[PDB]
Every structure is written in C-alpha cells, then in structure tokens.
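Below, chain A is the first sequence line, B the second, and so on; all start at residue 1.
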Amino acid sequence: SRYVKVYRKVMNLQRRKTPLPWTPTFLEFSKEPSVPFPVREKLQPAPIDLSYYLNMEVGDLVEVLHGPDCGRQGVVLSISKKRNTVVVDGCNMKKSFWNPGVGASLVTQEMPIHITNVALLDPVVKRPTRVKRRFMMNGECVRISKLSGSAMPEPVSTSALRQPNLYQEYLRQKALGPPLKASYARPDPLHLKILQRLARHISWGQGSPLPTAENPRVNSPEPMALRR
Amino acid sequence: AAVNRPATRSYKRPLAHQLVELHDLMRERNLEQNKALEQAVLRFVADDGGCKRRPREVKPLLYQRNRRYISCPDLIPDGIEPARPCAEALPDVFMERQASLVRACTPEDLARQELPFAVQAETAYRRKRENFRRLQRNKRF
Amino acid sequence: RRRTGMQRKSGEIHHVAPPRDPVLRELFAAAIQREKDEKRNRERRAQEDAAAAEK
Amino acid sequence: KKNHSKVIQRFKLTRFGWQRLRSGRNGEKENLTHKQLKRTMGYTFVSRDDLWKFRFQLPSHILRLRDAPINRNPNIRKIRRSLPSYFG
Amino acid sequence: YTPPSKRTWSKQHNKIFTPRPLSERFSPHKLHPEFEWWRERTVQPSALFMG
Amino acid sequence: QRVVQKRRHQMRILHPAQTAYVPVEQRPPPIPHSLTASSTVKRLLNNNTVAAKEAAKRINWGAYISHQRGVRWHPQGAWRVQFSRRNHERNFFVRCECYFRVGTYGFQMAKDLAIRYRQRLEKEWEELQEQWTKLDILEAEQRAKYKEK
Amino acid sequence: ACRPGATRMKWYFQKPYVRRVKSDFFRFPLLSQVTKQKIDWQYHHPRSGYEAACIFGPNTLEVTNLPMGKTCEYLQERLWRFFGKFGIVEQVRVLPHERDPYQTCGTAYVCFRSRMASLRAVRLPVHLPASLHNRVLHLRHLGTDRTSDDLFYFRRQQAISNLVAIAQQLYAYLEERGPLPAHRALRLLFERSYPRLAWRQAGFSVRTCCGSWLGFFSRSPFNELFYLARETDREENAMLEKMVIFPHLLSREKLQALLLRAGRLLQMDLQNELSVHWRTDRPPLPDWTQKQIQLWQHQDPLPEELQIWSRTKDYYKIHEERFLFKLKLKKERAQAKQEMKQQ
Amino acid sequence: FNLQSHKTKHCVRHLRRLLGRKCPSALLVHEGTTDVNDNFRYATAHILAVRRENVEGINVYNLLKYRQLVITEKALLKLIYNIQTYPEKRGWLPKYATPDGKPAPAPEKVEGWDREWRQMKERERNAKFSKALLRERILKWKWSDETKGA
RNA sequence: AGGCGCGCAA
RNA sequence: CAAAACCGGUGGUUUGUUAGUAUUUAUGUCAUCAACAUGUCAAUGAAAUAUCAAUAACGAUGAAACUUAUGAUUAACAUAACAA
RNA sequence: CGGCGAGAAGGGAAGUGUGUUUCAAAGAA
RNA sequence: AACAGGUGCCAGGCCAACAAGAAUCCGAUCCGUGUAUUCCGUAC
RNA sequence: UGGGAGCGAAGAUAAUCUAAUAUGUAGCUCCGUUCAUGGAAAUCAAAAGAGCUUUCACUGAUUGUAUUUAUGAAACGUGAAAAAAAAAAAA
RNA sequence: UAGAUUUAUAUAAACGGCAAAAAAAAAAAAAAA
RNA sequence: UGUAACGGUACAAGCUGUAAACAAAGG
RNA sequence: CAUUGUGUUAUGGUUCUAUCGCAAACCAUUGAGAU
C-alpha cells in the first residue's frame, strides 16, 4: 500500500517534541515553524497522584500483578507521582548498557512499573491488600491492612535501600562524549601552569611585551578612565 | 585550529609541552606576539587541554516574557554615571550634514582601502586587546 | 500560577548571595548600603520639601 | 511524474525530433515496389499534430520545438542594402 | 503478507492456549483498563479438600 | 530529458544569421522610423522584389532626416515639432504637438519653420527656468522677512 | 502480532538477591539451600532435595544449570543423547519454568537402567556449546550424593600451564648445568597448585597431562626439546635412575613456538575428553533414523514447487519459462555431480 | 558590548547617547565570546526596542525589521569574511584540480598543430565545386541518433 | 549524494 | 582570509493572542438509529451597598429612566405623522 | 637475511564449464 | 509593541504583601486605562 | 492504529464487459504501538567487495507487473540517522 | 492522612482448556476470527 | 475507573450519601 | 398633476457572541539525594 510511509511520518509527528533546538548557521533558517504540532484532546480527567490515596511509600513490600514478573515480590525504591509509576527491587530488569565503572562489560537495572500493575502485600496473609490510615487520640497515625487488620511495618529506611544509579552516570559520561586519548588525558601540570601564566599575560596584559631577563619590569594596566 | 578539536581518539591535538616549545621558538624568533599562537594558548587553557568537559552550552539570545528577577546592587564605584550626549539631537544627515560626510580622497585613503583583510583582522584583535580596561575603586589608587 | 492560581504583584525574585572573599564581601556591603542610603535620601528630601511647603 | 510504458516502446527521442517506425512494416508487402518497400522499412518523425499527446503520456521526455525565427525588423531584410542607413 | 521467521512461525490460538507470561509481550509502565485495577478481588482459600 | 530540437541542412546544423562588428568612427543618423507607417514604404519593405529594390535606390531617403532634436517626419505629410516638460512645483506642464504641413508651406520651408519653432521653444524654456529660480529666491526672502516678525 | 508459540522465547537478567535488612524476614526472607529460592513458609512446603528419588528410583541424577531459550522436550532429547554414552537411560525429564512452561527452570532428572551406568555418568560435568549459553551442567547422584567435578576444566588448564613451565625450567637447567641425570634433574622442577598457585614438587601435572615422565618425554613437542639417553612405578623409577637428559639446542624463537604448540596440543587433548562422540561403540543408524535425529534441530527446506508461488505478481511472472528452465538445469547439474560421486 | 554594570538604565543611556532619543529600534550584532558579556545580555533583556543577534543569524529580514544596526568591529569583520567566502563554500567559483587549488600555467601550442586544417580550408575556399564537396561530406559523415555526445 | 544541460562552429 | 541530568516543590513559555469548546433533557422510532429546540447563571446600570419620594404636578439618583435605562438587533413586512 | 607451515564442518548458495567466491540451516540486553 | 490579571473601556509606575507618576495640559453631556508633553523603574 | 494477524466484498476505472486497478480497502474478529516490531547471515554480490535489524533522501516513477484502464516507498548501490551485540562456569 | 460514604452497573479469571449461566461428569458434540 | 437510580440540600444542568457541607479545643 | 399615489420621518418587526478553561511538551530555579 502507498500510504504506510506517509502514515508513519504523520504518526511520528504526534510523538515529536516540536519545536526541537536548532543551531543557527550563516544564511540558514530553521524549518521548525514549518513542522506541525501534535494534535491532542485537551478536555480530559485531571491529574491524580494514586500513591497518596493508596498509602504506598518507598520501602513497602509489593507484588507485581501482570507481565513477565507476575507474582514477584520486591521493595519499592522510587515513586513517580506525576507518572504514577513505581520502581520495584529486582523487577522489570529492562535497562541494560555498557558498564560505566568497574566490573562486567554490561550492567542492567530496573525500569518503572505503573502503580496500578502493583499491589501492597498484607503482612499476615501476603496477598494483595488495601491500606487505610487511621489516627489515634494523640494523633499517631497507623496504617491498617484490610485483609488481616494488621498494622503495616515501618518502611525500610533509605540508608538500607540506597543503591547507586549507574544508568545516570552512563548518561552523564555519554553527554560528555567519547573517551579521551590516553596521551591527551595524561596530566602535564608544569606545562599547563606555564601556559596558564602565559594566558594570564595574554588576556590581561593589554598588549604589553612579555617580561624578559633584560627588562622584567611590571607594566601597570590602564584604567577605563572617566570622560571629562 | 587543533586546540578547538575534541580530545578523542580520532583527532590530532598539540600537547601542553608542544605548545610551550612552539611558544619558546616563536619567542626566540621574535614572533611570540603571534595572534594565532596567543589564541591557541587561550583556547587550550580554557579547557585544560580538552580534559575538562561539559555539555554544549548556548548563551541565550532571547528570554521569556515573564521570567524571574535576579536582584543585585550596582557593583560600580561611587560618583559614576553614564556619560551624557552633547545637545539634544544631531543635525539631519540629508538636509544639513551632507558636506561633513564627504571628503576628497587621498593616496593614504587609497592605501587604507587596499590594505588586506588579515591586516584588518589583526588590527581589530589588537585594538580590543589594548582597550580591555576597567574602572578603579578608591582602594586601588 | 497566573493561569490557575491567585494574582500576585511580584514574580519569582532572587537576591544574590554575598561573595565569600572578604574584600569583595566588603565591597558588596558598601553597594547595598549605598542603595539604602539613596532611598533614605529620597525619603528625607520628600519630608523636608513637605515641611517647607507647609511653611 | 508518470510515463506511459506502452507509448514509450514505439518511439525514440533524438536531437531532431521523435522517431517512429512505419505501419505496414509487419504487414503484407508483396505488392509494394522497391521504393515503397524502402520507405516502409525506414523511419520517419512523429507529426506536429500528434505531439500534444506526448505532453501527457511521456512527461519525463520533452522535445523543445524550434521553428525558424520570425523577426519583422525591416533593417535585417535584403532591401536594407539599398538604403543609406537603418530605420530608427 | 509477512513471511514468517525463525522466531515467529509458531503461534497459539487466540483463546485456547497455554499461558506463558514470561514470553508474552507486555508494557508494565502503562495503565491497562482491562485488568480493572479499581476493582477489588476476593481472597479465595489457598487449599481445598473434598470441595 | 529536455532535448532542444535542431535543424540540419546540407550536412550542417542550421543557425539564425549573425553578423560581426564593423567599427565606425561616426555612425550617420537613421532614416526616421515614422516613414515605415506610410503605405508606399510599407509595401516597399514588405515586397522583396527587384522593382522594390530599384525604387529603394531611387528614393531620396536623406531629405527626411532631421538634424534637430524634437523635429522629425510624420506620416501626415508634415514636420512634427515636439517639446515636453513637467514642473510639479510650479504646476506647469507643456506638450507641444505642432505640425508644419508640406501642403501648406512646402517640404523644405515647413522643415525650416519647424526647426525654428523648436529652437524658440528651447530658448523660452531656458528663460522660464531662470525666472523661476529668481522668483523662488524672492519667495524665500519674503518668508524670512515674515518670520522676522 | 498473535499469541506466541514455542519459537518465541524471552528471559531476563536475574538481579542478585541481597538481604538489605538482615532482621526483616517479611521483606528479605532467607534463601533455601535446597531450592535456592526465597523461603515462603506460608505457601510452600520444605523440600529435602531427594523427592525425585522416590519417583525415578535410586539410579537417578539431578542436572542443574540448564539454559534458557530451549524447549523442555528439545533439552530432554539432547540430554538423552548425551547420557546414552554410559548405558541405557530409562527416562529424562526437564522441569518447566514457573513463568513459561515452554522453557526450563534449569533442573532435570535422568533415570538410568544401571547403578554402574549412573555412577559413571555422574563423574564429570557437562560443558555445553555457545548455542546452549556455554553453561556447565552440574550433576548430583540421588543415591550416593556424589557430585560432578565442576573445576575439572580449569584445574586441567592450570596443569597445562604448569607443564609448560616445567618444560621451560628443565630446558633452562640443562642450558646452565649441561646434561643432567634424570633422577636429579626431575627434583629441580616445581609446579604451582590450583587455584592459589602454591609451589609444589612437579609430579601431578605430568600424570594428569601425560600419565608419566616417560610419556612426557616421548610425546611431542617435548621430544624436540629433550633427549633421553641410557648411560609399573618400579620400572619407571629404575629406568629413570640410569638416564641422562640431553637438550636439543634451540633458539629463543623456536623454543617459544614449541612451548606455544605444546600448550595448544594439551588444550586440544582437554577438549577431546569433554567432546567425546555420542555414537562411540554403538550400532549404525538407518538413513531414516538419521533424518529423524536431524529434525530435532533443523527443518528441511520447503519444496520448491510450493515455494514458487511466493513470486509476487507485482514484479514477477509466476511460473516463468526461463526461471523454470534454470531450475531444471540446476537439478541436472546436481544429479550429474551425484552420479560422478557414485562413480 | 562589554559592560561593567547589569543595570538596564545605564545601557539605555549608552544607547540614547549613541543613537539619540528618537531611535525607533536597533539590532545589536556581536560574535558572542569576547565581543559581549553577560552584563550586556542582562542589561538589554528589558529594552523592547533592541534585539540581540549573533553573526550567524543576520538576514535581510532582520536588517529591514530593525531600523538601526549597531555592530562591533569583530562581528563586522566576521560578517564580511562570511559574505566574501560564501561563493567558494557553495561552489559558485572555478577549481583548478591542483594540490594547491590555484591555476596551473597554460602550455604553449605545438607548432603546426592546425596546418593541415588551414590547408584544407584554403583548398575548400575556392567553393566552385560546391555540389562535389557536398556529396563528399554526405558520404563521409553521418548524423547521430543519440541525444548526448557527438 | 544526486538532477538538468554541456557549441558540431573554430 | 575571519570566528570558535534523576524523584518532589516553585514559577515561565509553547501548544494557542493565529486554533476552538465537546459533560444536562424537550421533541421522532417497535427497534437499530437520528438530531446544534428554547439568547445568557444574570432586569437595566460601572455601581441597586444609586430604583428615594409619590392620587397628580414639580422633585430624587444616574452620563443616559417611568423612560431612545425601572433586554438589544437588518431587510422583507405592519401602522401611523407630516408634504404639496 | 623469515620455509615445508596452527583442529576450518564435506554441508547450503552462486550458469548447469565452480578450477572460484561466499555462508554454516545452532544462542541472550 | 505580550513591561501578563483587576480597577467603569486600551495602565510597566492605581490595586495585586518585594521597583517605579494622586505627573502636567486638552476633552460636547458623567468617568478615562484616551491625545499631546514629560519624569521615573527594569538581570521583572 | 491507513501499524500487525485472520477472513474478505461491491458501488468506481476499464467510456459495455474480462483481467488488472479500487485493494488486500470497507465491514467483522483478534493484537495494543520504541520497555514495540522485528534481528546478529547455511545473507547480498560479483571475481572487487559489503557486513544483524531499523528510519530518511537519492538512484527513479528507472528496471519491472498489467498489456484497451493502470500499478510500481523493486534489487544492488549512494548520501545521512542511530549504532550493540550477547553481564553470564559455580561462588 | 478526623470521620462517614445507600443502591444498580449479571465478575471464583490479582486467572486459565474451549464451550450456555465469567469456567457445565466421560461421549454424543461439529470451530478460519 | 466511568456512569446512573433514589434520598438529603434553595423540591437543582450545583453539591452531596441516612454522619446526606462539614471534625480541626480528647487518656 | 390626487381624497385609492408618491416623498420624508417615526414607531414596530430582527440574527444574540458575557472564557465557569488553559500540558502529557519544553525553559529556569530549588529541596532531598548521588559523585
């Protein structure tokens, strides 16, 4: 069929983050105005943060309900309220990349799971449950699970949960660029300092001759001077 | 040209000691004031030989309409105000200022016209260099 | 937010922190005090002119 | 653009015009004389009356017609040699 | 028509099938209305004998 | 493919005629183009024949040449005198369309009178320009005197 | 496009399990040493690891480390082929993955006809090729607890390195002290044990790579370095007690090449004993049986007569004369070559 | 365009001094690195009558839109270089297929290279055997049916 | 990268 | 030949001043189904926290009123007043 | 002043003259 | 000139909690965010 | 879902009509869209070479199929985008 | 997140043969989705 | 999730659930 | 050149629009946090 190509083009226009940045160059003008914008329906349900109403916090034990990790149990490490997504320990191991540090050639790590695909676990029955916040007379808050009526254990602490995020380090290094030459990366502090002194003279010398063994005198820079 | 190249495996760049030695040779031949050499030194120092790296930053040309405000006092010496123009308005260029804008040409003017673009660029570079100045404060006199 | 929130006279405003170096710190303090002194000079001149006009 | 794959097969574009074979090339020819047979097996040019068809059947192959110049300036005519000057 | 490949020529019936969630394609980072997340499920007994 | 058709004749590619440059110290003035509007001259030019080419040599084309700007020949059978000027600042627009007819005066006499007419028009125009400059200076003097008060 | 058949298989990288809070059993339960999975006292039962013995009898081996991306039936056939080398295999079973019944969890059970066959089979681990993810299958006999020797390959690699070092040492000693008697020269040679490389008297690498010092000397390329000359274990000792080792005068490059060659040959010897052929000491198989064996791994090409219909009408003339004649000419050429092979 | 103060009022006063109090609008052209500084970028950010541009973004549209053009010397030289070297970049000028890219010397002609042609023209200039020469040419030469080449 | 054109004279 | 980020919080810009708007039933049909009814939530006015006084007249407020303010707006079309 | 050579499947395809070229119906993000 | 909202209609300086004019003159009948002139704020 | 899978029409062009086009389109059933499709050569090519897969432009409306109507993002190839192969014998 | 929060929307599928009544003794019993 | 039926509320195109617009001052 | 017509004006008739809204993208800042 002779329409698949144009259909794919117009559909990619729906995902394009137009306008994209464009570097000016002499006698060249951007095509961004000619690129059309994506079309969307603006009358939709308002944003919500489902974690607030579900009483789900980092450090809670949850079970993945659907997908290739069905039945797997892990501790929540991160919650995105805007995306209503959750990172679960050892689940959705989808993001693999060249190792930015020491160890094996490749490293893989979790990816967010939508909060609706996950459920809190009852401490006694260990099945999907619903957690409600109750308040005592003094104002102490207690999270109670529907299935057994048990109080939720305190979330695992950030100190225990912490792990480095190697994908962000990989992204940082990639943004920096390809690896440097070993010779270029070798430090040369003495010659660098010589060049830095020369650069100081070049930038702030106002075109005075460089010092020599014959005349090492110090040339006084001129001030801007007021108009009179 | 090369100091601006990336320091990756596929580029040819001078090393720091090579730049120092080249500067020394030009100094011995009384060419240390070379514009290209000076600019190469500056660009090399700016990046420390290309070892300190940052994402490509673009200095803004326009700002958003209702941007935030950064409040800072005038960091200027005392008793200083911008200079004031002479009179109110200059005479009309076409109606009264025609004679002042035209002058008979001379061989010196022809020579200045015939001067080359490299000489013009060096003149501009050295002029900016010499005129890079600033206003002093009381404790600097 | 002016689209969904209240009306506000002032946008987001930031005041520069002072420099750590003592010399630049002293110069910055001098500049700030100069701004304050100019404002107070305006106010005092206004008061003096008001009194003179009253008399 | 789009060209006619059938029309293209019967014609050849040259620097002097479109060329074509002659109907009767593949027909009965026992009663033709030698002159007529030579002309029949030769070639000829598409008539100017049939060129408008090409404009739409073979868009990608254009022959730019070139007739003789038509200049009515009296000074270029042979009678100008009998005049002491030009007309202007 | 797309000719099959080494990985694609074998297929199961749309309704009579062995469920294999490990290999079935899924997008866990999206909301799926078909699963009715809002709807609460009943916790059945985990062991039964004689019904 | 944009193939330019070419014509061949006697085993050569035929081209439009094209002549070279013949330097001339002083090219004489052309015979007026107004003659080509006459029926006789039009037929002479349109008939490429021996009789036409002999009549062309018998015709005295030099009598129609005017050595005066603004005077020339018209198919009327007369000498046309023209003089056009536009002065917006003084609101003065002149267009002379004078005819000196051969039937009325004579070929040569009409030519002479037309030339004299054009010369007089030029002289009057010069004098009028001088007078306008003088009047303008006077007007400036009056405006300055008024502003004195 | 549609639901996936057994041709489409997926698996994902397993994150190593870390009990971040040692006391929090609810969120970081203990692993079971038997099942190597998190303990679930609520919904699981204890397993001793001998349950399959009651199903498959005493002559049973448990196989572990089986790879992903393979059907349980394909793996069963492959394991049957491998373990047929030791005797009659009554049965082979491969446990499916909890999350994909078409793939394996990594465990299998092999039931043998004979105790001796099972015991012989358990001795060495099973090294698989790249297509099987280069996995080394670990074997465990359910009736005697005997396990495979998972370090055999790397211990033999260390032994080969030790043998090369021994050859170099002996050549250096001969170059320094000249010809030496065998019983005195052999005591100057040392090897480094596996895996921590502690110095030892060189007597184990020789017997694991060659079987004896005489074998070491008589097997190439060490007989191009050394020359034994006359002036059971008892015979070996007596025979060595009356010899002198003489060197073959070599250059550095030749000696280095010889050492590399010795390493390569010993490596080949190591690979042979792990890739022994599965048809060894077995009767020939008919052509139909061989085709059935092949079909477990490869499918024959579809008939060209059926294939011709795929030539799209948009650009092809189906059943075209020149194309069909080309097919006939190719068939004739193939038949002629086969006739030449027959004759 | 290097300024020592970020205050809009000082830059407004400088612009008024240079261009007067009746300037409709201005386009300020600079290179970006050492021709102008962040103080200038801050000061001009609220002068709605002026627009800052780099040398790369100069257009007939900008020049027509903004009444005045205020250009630094460095930016002016950069613009002049770009304008003068654009034809070479776009390939509107001839190349010489030499390692240096400059023209090579024109060789001399071999003596008598056209003597036979001159003699043939001299023979044919008699022109009295016109039909005979025409028939000779018809026999010798053939019109080509191709559209490219001879 | 590619496209069109590229004297029939000398 | 010149020049050389991730998860929360807070605002702004663009989409979008250049584009459009979509949630409730009156009415048809056996049913599938079809289909922009009735200006606006809103007297007028910027303000009713300017409609007070009052049988009537003169008054009050208001820029404009018992009214070209106590709903506005062509033509066709409806009625009158004035004119030779 | 480089020497008889470092385990390359006996199978698929390519003109039917295969002396030659290419691939291995067998594996991961 | 998009230096946004509101204030009787077109307001950078009247309100809007952080800058800056109750600025002056001229307006049929009320008002003016309007015309003209001018001062001031702005890393908004 | 002019994306992918299955089944699968007629009004319209052919100046009737058949093929072909429409079109593998509409309706119907099923996937649910870059965390996807697909995929690391028993590939393509010439006697030189390229190097999984994918996207864009050109080659080109060319070579093709249809042989009254039309269809044709062909193959090799060229210039770009993106770049990846395979952590992994146990511990 | 102080509490409370009726009824309908035919749901053992947070699940697995298909097939009426979200899942029905074997067989009769039949399928491009 | 979304929607609706009844009921309460100015007998309603709004709000709301028999606690039907409000607890924030408890051993 | 009518009181059965016309000219001019007046009164009716008459279309109904008062933002109850404004990222899922990008820019800039700022906490926690990693290096």
Side-chain angles (χ1 to χ4, degrees), chain A residues 1-5 7-8 17 19 37 40 42-43 65 78-81 92 94 96 99 104-108 111 119 128 133 135 137 141 164-165 168-169 171-172 175, chain B residues 4 43 64-72 117-118 121, chain C residues 1-4 7-13, chain D residues 1-3 6 60, chain E residues 2 5 14-16 19 25 27-29 33 36-38 41-42 44, chain F residues 2 13, chain G residues 1-2 11 13 65 68-69 129-136 138 150 153 261 264 268 297-298 313-317 326 329-330 332-333, chain H residues 6 8-9 31 33 42-43 45-46 48 77-78 80-82 85 150:
Chain A
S1 190
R2 62 218 208 160
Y3 311 120
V4 171
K5 182 167 147 221
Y7 173 76
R8 270 203 225 298
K17 293 174 175 181
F37 297 99
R40 64 202 151 98
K42 299 169 195 172
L43 190 55
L65 295 166
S78 177
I79 296 172
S80 316
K81 294 180 178 183
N92 204 14
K94 245 71 172 294
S96 306
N99 197 339
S105 185
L106 286 162
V107 279
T108 174
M111 266 184 108
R133 273 188 155 92
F135 283 76
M137 308 279 216
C141 163
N165 186 286
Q168 222 60 237
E169 163 73 1
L171 289 169
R172 178 187 91 73
Chain B
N4 285 295
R43 174 60 188 74
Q64 293 179 13
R65 234 154 42 240
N66 290 136
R67 61 206 164 274
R68 72 195 53 240
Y69 182 60
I70 311 294
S71 53
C72 162
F117 183 82
Chain C
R1 324 192 32 239
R2 171 89 37 120
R3 261 137 180 250
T4 79
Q7 163 83 16
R8 197 170 57 183
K9 184 214 297 194
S10 65
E12 310 271 287
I13 297 170
Chain D
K1 276 180 182 190
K2 281 169 164 286
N3 308 262
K6 281 119 165 45
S60 299
Chain E
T2 52
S5 67
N14 234 123
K15 263 143 148 38
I16 316 180
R25 96 183 156 131
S27 56
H29 65 292
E36 299 177 342
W37 73 266
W38 55 82
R41 269 72 164 174
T42 312
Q44 311 304 340
Chain F
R2 319 208 165 261
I13 291 293
Chain G
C2 321
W11 57 103
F13 195 93
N65 306 323
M68 290 285 120
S131 268
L132 286 185
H133 292 162
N134 290 311
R135 306 277 268 116
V136 178
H138 158 276
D150 285 291
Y153 183 93
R261 210 165 245 171
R264 293 200 273 264
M268 299 189 219
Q297 175 72 41
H298 306 283
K313 63 151 201 67
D314 284 314
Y315 304 114
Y316 292 111
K317 286 200 254 244
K326 203 167 190 141
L329 292 174
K330 162 161 127 92
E332 262 161 53
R333 201 208 313 120
Chain H
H6 65 75
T8 318
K9 44 174 160 189
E31 190 254 327
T33 309
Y42 303 157
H46 210 298
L48 309 185
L77 297 179
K78 169 95 165 290
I80 291 169
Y81 166 88
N82 283 20
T85 51

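Rounding to the nearest 0.5 Å places CG of G:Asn65 at 4.5 Å from CZ of G:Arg135. Taken from OH in A:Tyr7 to OG in A:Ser1, the straight-line distance is 12.0 Å, to the nearest 0.5 Å. How far SG of A:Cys141 is from CZ of A:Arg133: 4.5 Å, rounded to the nearest 0.5 Å. Atom CG of A:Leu65 sits about 12.0 Å away from atom CH2 of E:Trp37, to the nearest 0.5 Å.
In the interface, the side chain of C:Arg2 is paired with the base of L:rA4 through a donor and an acceptor atom under 3.5 Å apart. Under 3.5 Å, the side chain of D:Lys6 and the base of M:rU67 form at least one donor-acceptor pair of N or O atoms. Contact of G:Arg264 with K:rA6 (side chain to base): a donor-acceptor pair of N or O atoms is detected under 3.5 Å. With hydrogens and angles ignored, no donor-acceptor pair under 3.5 angstrom links the side chain of C:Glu12 to the base of J:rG11. Between the base of J:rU15 and the side chain of C:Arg3 there is a donor-acceptor pair shorter than 3.5 Å. In terms of polar N and O atoms assigned as donor or acceptor, the side chain of A:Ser96 comes within less than 3.5 Å of the base of M:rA87 in a complementary pairing.
A:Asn165 comes within 4.0 angstrom of nothing in the nucleic acid, heavy atoms only. Here G:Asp314 lies in heavy-atom contact (under 4.0 Å) with a base. Backbone-only contact: G:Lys313 has heavy atoms under 4.0 Å from sugar-phosphate atoms and none from a base. Among the atoms of the strands shown, none is found under 4.0 Å from any heavy atom of B:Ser71. Across all strands, G:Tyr316 comes closer than 4.0 Å only to sugar-phosphate atoms, never to a base (heavy-atom distances). Counting non-hydrogen atoms under 4.0 angstrom, A:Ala104 reaches the backbone sugars and phosphates but no base. Residue contacts for A:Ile79: at a heavy-atom cut-off of 4.0 Å it reaches the sugar-phosphate backbone alone, with no base atom in range. Counting non-hydrogen atoms under 4.0 angstrom, B:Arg67 reaches the backbone sugars and phosphates but no base. At the heavy-atom level, A:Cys141 lies nowhere under 4.0 Å from the strands shown. Within the nucleic acid shown, H:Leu48 comes within 4.0 Å of at least one base atom, counting heavy atoms only. Backbone-only contact: E:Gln44 has heavy atoms under 4.0 Å from sugar-phosphate atoms and none from a base. Using a 4.0 Å heavy-atom cutoff across all strands shown, A:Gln168 reaches at least one base atom of the nucleic acid. Looking at heavy-atom distances under 4.0 Å, H:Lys78 makes contact with a base.
Stacking annotation: J:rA31 and J:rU32 stacked (six-membered ring centroids under 5.5 angstrom, interplanar angle under 30°).
Here A:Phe37 does not count as stacked on J:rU15, because the ring centres are not under 5.5 angstrom apart with planes under 30°. Aromatic stacking of A:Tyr3 on M:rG2: not satisfied for centres closer than 5.5 Å together with planes under 30 degrees. Judged by ring centres under 5.5 Å apart and planes tilted less than 30 degrees, B:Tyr69 stacks against the six-membered base ring of L:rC44. Stacking is found between G:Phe13 and the pyrimidine-like six-membered ring of the M:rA87 base under the 5.5 Å centre-distance and 30° plane-angle cut-offs. In this structure, G:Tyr315 does not pack face-to-face on the six-membered ring of M:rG64, missing the 5.5 Å centre cutoff or the 30° plane limit. Applying the 5.5 angstrom centroid cut-off and the 30 degree plane-angle cut-off, the aromatic ring of H:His46 is not stacked upon the base of L:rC44. Ring-to-base geometry does not place H:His6 in a stacked arrangement with L:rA43 (centre distance under 5.5 Å, plane angle under 30° required). Centre separation under 5.5 Å together with a plane angle under 30° holds for the ring of G:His133 and the six-membered base ring of K:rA28, marking them as stacked.
With M:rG3, K:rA26, L:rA4 as the candidates, the nucleotide lying closest to the side chain of A:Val4 is M:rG3.
Between N:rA10 and O:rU1, the two P atoms lie 15 Å apart (nearest whole Å). Atom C1' of K:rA28 sits at a distance of 42 Å from the matching atom of K:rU16, rounded to the whole Å. The same atom, P, is picked in J:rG71 and in J:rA42; the two are 14 Å apart, to the nearest Å. Taking atom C1' on both nucleotides, L:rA20 is separated from L:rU29 by 36 Å, rounded to a whole Å. The gap from the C1' atom of M:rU33 to that of M:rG2 amounts to 14 Å, rounded to the nearest Å. As rounded to the nearest Å, L:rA17 and L:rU24 have P atoms that lie 27 Å from one another. For the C1' atoms, the distance linking L:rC30 with L:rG34 amounts to 16 Å, nearest Å. Distance noted for atom P between M:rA73 and M:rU62: 13 Å (whole Å).
Pair check for L:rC3 finds none; no Watson-Crick or G-U wobble contact set falls under 3.5 Å.
For L:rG32, the glycosidic angle deviates from 0 by 90° or less, giving a syn base. For P:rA24, the base adopts the syn conformation, since its glycosidic angle falls within 90 degrees of zero. Applying the 90° cutoff around 0 to the glycosidic angle, M:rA87 is assigned syn.
Computed from coordinates, the A:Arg133 CZ to N:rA2 P distance equals 10 Å when rounded to whole Å. Taking atom CZ on E:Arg41 and atom P on N:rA12, their separation rounds to 12 Å, with Å as the unit.
Phosphate proximity of P:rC27 to B:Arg68: absent, as no side-chain N or O sits under 4.0 Å from OP1 or OP2. Dashed line: the shortest gap from a side-chain N or O of E:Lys15 to OP1 or OP2 of N:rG17 is not under 4.0 Å. For H:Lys9, a side-chain nitrogen or oxygen approaches OP1 or OP2 of L:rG41 to under 4.0 Å. Contact between the side-chain N/O atoms of D:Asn3 and the OP1/OP2 oxygens of M:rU62 is found at a separation under 4.0 Å.
With the nearest nucleotide of RNA chain N identified for both E:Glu36 and E:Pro19, E:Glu36 has the one nearer the 5' end. Comparing E:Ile16 and A:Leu65 against RNA chain N, the residue whose closest nucleotide sits nearer the 5' end is A:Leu65.
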Go through the steps for E:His29 and A:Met111 under the test side-chain contact (heavy atoms from CB on, under 4.5 Å), then give the verdict.
CA-CA 8 Å; E:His29 65 292; A:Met111 266 184 108; over 6 Å; no
